[PDB]
Amino acid sequence: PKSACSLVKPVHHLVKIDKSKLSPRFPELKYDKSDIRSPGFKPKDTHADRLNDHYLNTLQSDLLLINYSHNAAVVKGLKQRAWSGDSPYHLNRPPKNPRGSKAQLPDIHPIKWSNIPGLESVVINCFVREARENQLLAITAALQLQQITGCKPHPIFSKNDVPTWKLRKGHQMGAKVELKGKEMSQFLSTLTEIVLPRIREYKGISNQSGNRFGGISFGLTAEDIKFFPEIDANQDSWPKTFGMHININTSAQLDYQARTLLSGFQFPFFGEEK
Amino acid sequence: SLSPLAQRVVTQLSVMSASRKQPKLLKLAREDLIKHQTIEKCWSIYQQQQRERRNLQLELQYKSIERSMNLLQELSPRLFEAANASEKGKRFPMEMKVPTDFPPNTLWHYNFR
Amino acid sequence: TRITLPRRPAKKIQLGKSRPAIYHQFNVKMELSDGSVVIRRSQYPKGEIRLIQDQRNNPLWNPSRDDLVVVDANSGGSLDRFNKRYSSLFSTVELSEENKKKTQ
Amino acid sequence: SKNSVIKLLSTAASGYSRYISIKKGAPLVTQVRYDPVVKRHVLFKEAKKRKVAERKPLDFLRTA
Amino acid sequence: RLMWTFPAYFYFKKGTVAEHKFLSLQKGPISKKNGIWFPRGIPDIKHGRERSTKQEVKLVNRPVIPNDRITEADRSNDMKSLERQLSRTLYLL
Amino acid sequence: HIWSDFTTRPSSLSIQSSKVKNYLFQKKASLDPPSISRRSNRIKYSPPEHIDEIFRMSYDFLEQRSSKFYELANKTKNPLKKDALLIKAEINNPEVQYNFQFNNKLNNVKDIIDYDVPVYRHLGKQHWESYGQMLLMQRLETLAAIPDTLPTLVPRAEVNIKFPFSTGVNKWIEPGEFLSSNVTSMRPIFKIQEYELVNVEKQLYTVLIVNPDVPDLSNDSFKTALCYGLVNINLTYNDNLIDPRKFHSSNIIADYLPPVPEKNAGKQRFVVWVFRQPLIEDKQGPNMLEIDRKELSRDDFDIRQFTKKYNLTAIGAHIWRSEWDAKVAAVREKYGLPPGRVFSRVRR
RNA sequence: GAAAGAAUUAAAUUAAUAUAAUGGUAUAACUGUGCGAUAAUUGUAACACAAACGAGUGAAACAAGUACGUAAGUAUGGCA
RNA sequence: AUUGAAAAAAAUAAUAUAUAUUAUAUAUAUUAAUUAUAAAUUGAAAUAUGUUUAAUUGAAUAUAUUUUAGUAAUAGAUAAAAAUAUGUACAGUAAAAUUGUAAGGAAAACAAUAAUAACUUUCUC
Ligand SMILES: [Mg+2]
Ligand SMILES: [Mg+2]
Ligand SMILES: [Mg+2]
Ligand SMILES: [Mg+2]
Ligand SMILES: [Mg+2]
């Protein structure tokens with residue numbers, strides 16, 4: 001190679017060129033995944049969704065009313081500070097970090113008819129630490145996820161080398177899955193309706209849980225996983241079962257709004273709130 | 001030479017895999033392709049109208065909230081402050097359950113506590 | 001010391017030929033403690049199931065109701081035998097006889 | 001030291017050859033390159049016989 | 001139509017009564033045999049399904065009998081009972 | 001039921017094949033797809049279940065929407081709004097979609113795809129923008145046809161070119177393609193498809209083919225030559241194939257001279273530009289313009305000055321490439337041009 | 001008023017670069033991916049940089065053949 | 001072509017046949033496959049003459065031939081876990097820190113953390 005010097009030549013027109021349409025290659029990837037001609041086609045709306053219908057029919061209006069605040073205004077977040085131009089050395093100086101944080105934080109807008117909180121995704125994390133010695137437990141965990149949820153699990157691979165825990169790097173330690181729409185609706189419905197009621201001593205979810213910008217996380221143990229219908233039906237095929245974390249990601253601007261939304265979906269809360 | 005545990009997990013990962021389980025590709029005539037296109041366009045338009053009707057209802061409700069708040073502010077500040085008091089810790093009743101697709105034996109409960 | 005099953009040469013799934021994963025599921029009916037029924041998608045070949053303990057009979061989810069009976073699995077373990085074994089004593093007489101101890 | 005030398009010879013019976021280094025146990029090398037005598041790209045294989053390392057064939061049509 | 005084959009080999013173990021009865025319930029596909037003409041196409045079966053068509057599987061223990069969605073209040077047009085519409089939202093006037 | 005009406009709606013908004021019409025609008029799944037010609041394959045085929053009644057209901061829904069759009073269109077006055085409402089009314093028609101998707105869009109047949117109709121015009125615009133326009137712009141940019149000849153281009157018409165008289169074979173030239181001297185010896189024919197609202201009864205077009213690569217030894221550089229030029233040409237949405245049938249000698253400001261590159265003179269680019277003349281109001285009849293032929297250079301051309309002077313706006317373009325071969329001498333002799341020059345192999 | 005796009009702006013080269021340190025890199029030189037495994041080929045090499053010599057470094061252009069690319073073109077080993 | 005059934009079609013592309021051009025083009029025809037590849041007495045299917053059986057039919061037995069089961073990860077132009085360190089084409093953006101989450105703690109794995117004025121298509125008052 002004569003040189004390593006990236007440089008994009010400017011154009012003389014405003015027409016946007018996508019070369020995937022000019023290449024005769026990959027004819028079947030030109031169709032959208034929603035197009036019946038695409039091999040990636042998968043029917044989406046096969047049946048009505050009770051949880052979504054309930055949220056659209058009842059909870060949107062109630063949440064709007066509850067979160068209404070008169071003459072509210074946007075609360076801007078911690079952003080990068082700017083150097084005052086009292087010294088020449090400030091001319092090309094990069095901006096300063098936010099006051100309390102090394103990362104910028106989002107602004108909080110008043111709740112209005114267009115931005116009511118709602119569920120956007122659910123992610124299940126299953127990290128079998130005992131899979132460090134046995135790689136097959138990862139496959140078992142993936143099957144547990146597939147049976148509980150119905151979606152394709154994705155493997156989790158070790159990234160750090162910690163000797164005290166005897167954790168190497170590049171090995172399969174478990175599985176994950178992300179849920180949206182009817183599938184997450186079903187997963188949450190079955191959780192609340194079957195599994196959580198069958199836990200020994202269950203008070204709810206901690207009121208001091210969740211990332212500070214919307215999203216609530218809580219865990220389940222192996223005995224708790226045994227309550228799901230699929231496992232109970234064929235106990236024989238489940239000598240061992242694994243726990244997992246559950247992360248519910250919503251549109252809530254702050255965590256307490258998400259807590260109210262989940263309580264609407266019947267998720268109990270026990271601790272004292274921040 | 002494999003262990004019975006190996007066979008069990010291979011069966012589990014067989015349930016995982018797509019090998020020898022998927023049917024042939026769905027190939028539709030031109031006329032049926034056009035039919036399907038019309039179905040999808042109709043459904044998309046319909047869902048957009050439903051979403052926009054809900055959005056309009058919420059817009060109107062929010063307008064009502066703000067009009068009422070202005071009136072109450074100018075009429076009685078005490079009641080206005082009581083109303084504007086935050087509900088940060090609010091939770092829904094625990095029997096406001098999500099509807100199911102067939103009703104229970106006791107439709108409604110006429111006694112409490 | 002670790003045990004792993006060997007990796008076979010992965011079949012190449014070409015660009016545009018990659019299909020989605022649609023596992024086989026059944027429209028299974030699920031009966032709660034009350035008479036309510038929910039239709040759901042399950043991969044187990046069981047079209048019908050009923051639950052003995054679930055949301056509809058849990059105090060935490062049912063605060064308003066006055067009376068709420070609880071139950072567990074049947075024909076398993078030695079449950080309820082601590083009552084079946086003693087027939088002479090039966091249900092308010094014991095409550096009255098448990099008035100006080102008179103000890104100090 | 002750890003690397004050896006090899007004489008790749010052209011397939012066309014022209015006597016042309018080119019030399020390359022290779023690891024002590026690397027698989028037998030063959031490569032298409034220009035052959036000025038015949039004026040085209042032709043194949044080049046080993047000249048002598050080398051002790052190549054043995055690698056298992058891949059499990060391709062599923063066995064057992 | 002685009003659904004995967006049911007992996008019965010995992011949900012029913014070898015030689016068990018459940019497996020036997022499930023097989024009895026199910027109806028097998030048509031296998032390809034030389035010397036015959038198959039107008040709809042030579043069968044292509046893997047794991048017991050013809051890949052060109054959908055696959056149909058038939059399946060204190062009393063059967064689930066759902067409750068009617070229409071109530072005595074529905075039929076009697078009672079304007080006061082809190083059952084006049086189990087699927088709609090009622091409002092007190 | 002406005003889509004079943006054809007009193008005022010053009011007849012092209014319907015599938016001209018009775019079999020396919022009946023199958024698409026069938027009541028019960030008793031017919032078979034006309035697309036599958038062989039009966040065997042027809043028996044093998046199996047349409048998706050529960051597809052005709054959902055189709056009927058979706059048809060009814062879309063047709064009610066189209067009826068509302070027609071109601072508002074019959075009352076709108078501004079022509080742009082009228083055209084937009086017509087497009088929105090007929091865009092979702094299964095018959096229109098069938099016709100456009102599965103019939104020729106270049107050599108269109110008036111009774112299937114009529115470009116007098118706003119919906120067909122809009123669908124054609126979308127189809128062109130999908131693939132054809134992007135390729136044209138890529139070729140122009142990469143071959144440096146834009147800055148060399150004209151500052152920019154905002155494509156608004158599809159231009160196709162062909163060389164039918166030269167050899168006898170039929171081929172639309174891909175942009176940027178290399179053509180033999182024999183292929184480009186005789187004359188090109190153009191096809192300018194317009195997709196916007198333009199007054200067919202007043203608008204006039206010009207076409208200039210120029211070569212901005214003819215070497216010039218006075219300053220050791222290149223210069224531009226006007227290969228071909230036509231002015232005062234009128235088109236129609238469905239009859240827009242320019243050829244010696246559709247223009248006179250008065251339209252020709254520079255008769256066609258062929259691509260005749262010189263040996264080792266490099267790869268020359270022949271670029272086609274289509275402009276639309278000014279559209280004066282308050283006057284009846286097309287506004288024809290006279291070209292100053294004693295000022296036209298024809299060998300030291302300045303296209304930017306030409307278009308600026310005559311107030312022309314480009315709407316379409318095309319390009320091909322040429323290089324020396326053995327037939328160049330024959331072409332020179334046939335056209336009465338002097339023997340070609342021969343330049344050195346090295347650029348020093 | 002609302003969705004879905006196209007993206008734009010601020011920040012970032014502190015991660016990563018096969019290997020020290022320095023310079024460079026998001027337009028990526030970093031990372032993922034499809035072909036491919038071809039340029040980790042052949043005969044002339046101007047002209048420069050560097051330079052006592054001997055050596056070293058960048059490389060236009062002509063010719064022969066390859067791989068990738070719709071094309072423009074890129075590749076005479078590795079960001080230096 | 002046969003095969004449940006009374007003029008023929010008018011697109012991109014792919015395949016078959018053929019011939020125009022010192023032009024990888026045109027005409028007619030059709031619309032296949034797209035997760036596969038040896039080796040299985042033993043699991044499961046479909047195919048005949050007795051059969052019991054009611055014109056059938058049927059369900060069950062016996063054999064000949066064939067089919068399925070070798071059950072194996074990526075389903076995404078995958079994108080900062082580990083594996084191909086040289087070419088080309090397409091595409092993307094890391095890292096720390098903070099807040100949470102079963103075992104989980106400083107340290108394992110997942111999720112969240114800057115701004116939408118302007119421009120389009122669609123829906124709607
Ligand atoms: Mg390097
Ligand atoms: Mg550095
Ligand atoms: Mg010097
Ligand atoms: Mg020297
Ligand atoms: Mg490189």
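Positions of Cβ are generated from backbone atoms using ideal geometry, with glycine treated the same way; all protein chains shown enter the neighbour counts. Nothing in this text is a laboratory measurement; each read-out follows from the coordinates by a stated rule.
For the stretch B:24-88, what Kirkwood radius comes out of the mean inverse Cα-Cα distance, in Å? With all distinct Cα pairs of the stretch B:24-88 included, I get 16.2 Å. Only one residue of E:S87, E:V57, E:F38 has its Cα farthest out toward the positive end of the dipole of chain E, where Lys and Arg carry +1 and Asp and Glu -1 on Cβ, and that residue is E:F38. Backbone amide hydrogens, once placed in the peptide plane, bring F:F190 within less than 5 Å of F:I242, excluding anything fewer than 5 places away on its chain. Only the Cβ atoms of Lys and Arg (+1) and of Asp and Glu (-1) were treated as charged; on that basis the dipole of the stretch C:24-104 about its Cα centre amounts to roughly 240 debye. Projecting the Cα atoms of C:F82, B:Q73, B:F102 onto the charge dipole of the protein assembly as shown (Cβ charges, centred on the Cα centre) puts C:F82 farthest toward the positive pole.
Taken over the Cα atoms of the stretch F:16-101, the convex hull encloses 107 Å³ per residue. Exposure proxy shown here: for B:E95, A:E230, F:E281, A:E133, the number of other Cβ atoms within 10 Å sets the order, fewest to most, as F:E281, A:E133, B:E95, A:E230.
Sorting the Cα pairs of the protein assembly as shown by distance into bins of 10 Å, from 0 upward, gives 2, 7, 12, 14, 16, 17, 14, 10, 5, 2, 1, 0, 0, 0 percent per bin. Taking the Cα centre of the protein assembly as shown as reference, the dipole from Cβ charges on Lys and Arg (+1) and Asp and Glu (-1) amounts to some 5200 debye.
Got a sec? Which residues in the stretch D:8-42 would a label at D:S1 touch, if it sits 7 Å along Cα→Cβ and we count backbone N under 19 Å? D:21-26, by backbone N distance to the label point. To the nearest Å, what is the center-to-center distance of the stretch C:28-46 and the stretch A:1-72, using C-alpha atoms only? Comparing the Cα centres of the stretch C:28-46 and the stretch A:1-72, I get a distance of 34 Å.
Of the residues A:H245, A:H12, A:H47, the one that moves most in a GNM of chain A with alpha-carbon contacts below 10 Å is A:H12.
Here each label is just a point 7 Å from Cα along the line to Cβ, and for F:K28 and F:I51 those points are 1.9 nm apart. May I ask you to list the residues of the stretch A:37-78 whose amide nitrogen lies under 17 Å from a point 7 Å from Cα along the Cα→beta-carbon direction of B:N70? Within reach of a label on B:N70, which here means backbone N under 17 Å from a point 7 Å along Cα→Cβ, the stretch A:37-78 contributes A:69-73. Largest mean-square fluctuation among F:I113, F:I173, F:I291, in a Gaussian network model of chain F whose springs join Cα atoms under 10 Å apart, belongs to F:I291.
Kirkwood's formula applied to the C-alpha pairs of the stretch F:181-313 gives a hydrodynamic radius of 16.3 angstrom. Between A:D49, A:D62, A:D35, the GNM of chain A built on Cα springs shorter than 10 angstrom shows A:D35 fluctuating the most. Normalising the Debye intensity of chain E to I(0), with uniform scatterers on Cα atoms only, and taking log10 at q = 0.17, 0.19, 0.22, 0.25 Å⁻¹ returns -0.86, -0.99, -1.17, -1.28. Classify chain A as rounded, prolate or oblate, taking a ≥ b ≥ c as the square roots of the eigenvalues of its Cα gyration tensor: rounded when a/c is under 1.5, otherwise prolate if a/b is larger than b/c and oblate if not. Because its axes are fairly even, with a/c under 1.5, chain A counts as rounded.
Peptide A:37-43 has a mean of 5 when you count, residue by residue, the C-beta atoms of other protein chains within 10 Å of its C-beta. The H on the amide N of A:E120, modeled in the peptide plane, is under 5 Å from the matching H of A:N249, A:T250, A:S251, each at least 5 residues off or on a different chain.
Per-residue 3J(HN,Hα) values for the stretch A:21-37, derived from phi via the Karplus relation 6.51 cos²θ - 1.76 cosθ + 1.60 with θ = phi - 60°, read 8, 8, 7, x, 5, 6, x, 7, 8, 6, 6, 5, 5, 8, 8, 4, 7 Hz in sequence order (x marks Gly and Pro). Computed from the C-beta positions of F:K294 and F:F247, the FRET efficiency with R₀ = 22 Å rounds to 0.50. Considering only C-alpha atoms, what is the centroid distance from the stretch A:232-271 to the stretch F:277-348, in Å? What the calculation gives is 73 Å, centre to centre.
Normalising the average separation of contacting C-alpha pairs (under 8 angstrom, six or more residues apart) by the number of residues puts the relative contact order of the stretch A:79-157 at 17 percent. Taking the square roots of 5 times each eigenvalue of the Cα gyration tensor of chain C, largest first, gives ellipsoid semi-axes of 53, 23, 15 Å. Shielding value for A:25-36 is 3, the average number of Cβ atoms from other chains within 10 Å of each residue's Cβ.
Exposure proxy ranking for C:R8, C:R56, based on other Cβ atoms within 10 angstrom of each Cβ and starting from the fewest, stands as C:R8, C:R56. For F:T142 and B:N84, a Förster radius of 51 Å and the Cβ-Cβ distance give a FRET efficiency of 0.20, rounded to the nearest 0.05. Backbone phi angles across the stretch A:83-94, fed through the Karplus curve with coefficients 6.51, -1.76 and 1.60 (θ = phi - 60°), yield HN-Hα couplings of 6, 5, x, 7, 9, x, 4, 8, 4, 10, 7, x Hz in residue order; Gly and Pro are listed as x.
Per the Debye formula on identical point scatterers at the alpha carbon atoms of chain D, with no solvent, log10 I(q)/I(0) at q = 0.25 Å⁻¹ is -1.01. Estimated from helical segments only, the mean residue ellipticity of chain E at 222 nm is -4500 deg cm²/dmol, where each DSSP H run of four or more residues counts as -39500 (n - 2.57).
When the Cα positions of F:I291, B:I34, B:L2 are compared along the charge dipole of the protein assembly as shown, B:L2 comes out farthest toward the positive end, with charges on each C-beta of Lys, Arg, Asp and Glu.
Using the Karplus relation 6.51 cos²θ - 1.76 cosθ + 1.60 with θ = phi - 60°, the per-residue 3J(HN,Hα) values for the stretch C:40-54 come to 8, 9, 9, 8, 6, x, 9, x, 9, 7, 10, 10, 8, 10, 6 Hz, with x marking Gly and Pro.
Full extension of the segment from F:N238 to F:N78, taken as 0.36 nm per residue of separation minus the current Cα-Cα distance, would add 55.2 nm. FRET efficiency for the E:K13 to E:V57 pair, using the beta carbon distance and R₀ = 25 Å, is estimated at 0.90. Label sites at A:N71 and F:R332, each approximated as a point 7 angstrom past Cα along Cα to Cβ, lie 8.9 nm apart. Across the stretch A:124-274 the C-alpha pair distances fall into 5 Å bins from zero in the proportions 2, 9, 17, 20, 19, 15, 11, 6, 1 percent.
Sorting B:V9, F:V200 from the fewest to the most surrounding beta carbons within 10 angstrom yields F:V200, B:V9. Using a simple spin-label model with pseudo-atoms 7 Å out from Cα toward Cβ, C:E97 and E:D68 lie 5.1 nm apart. The alpha carbons of chain F give a radius of gyration and a Dmax of 25.0, 80 Å, in that order. Could I get the Rg over Rh figure for chain B? Both from C-alpha atoms, Rh via Kirkwood, rounded to two places. With Rh from the inverse mean 1/r over Cα pairs, Rg/Rh is 1.25. Taken about its Cα centre, chain E carries a charge dipole of about 600 debye when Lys and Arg each add +1 at the Cβ and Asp and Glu each add -1 at the Cβ.
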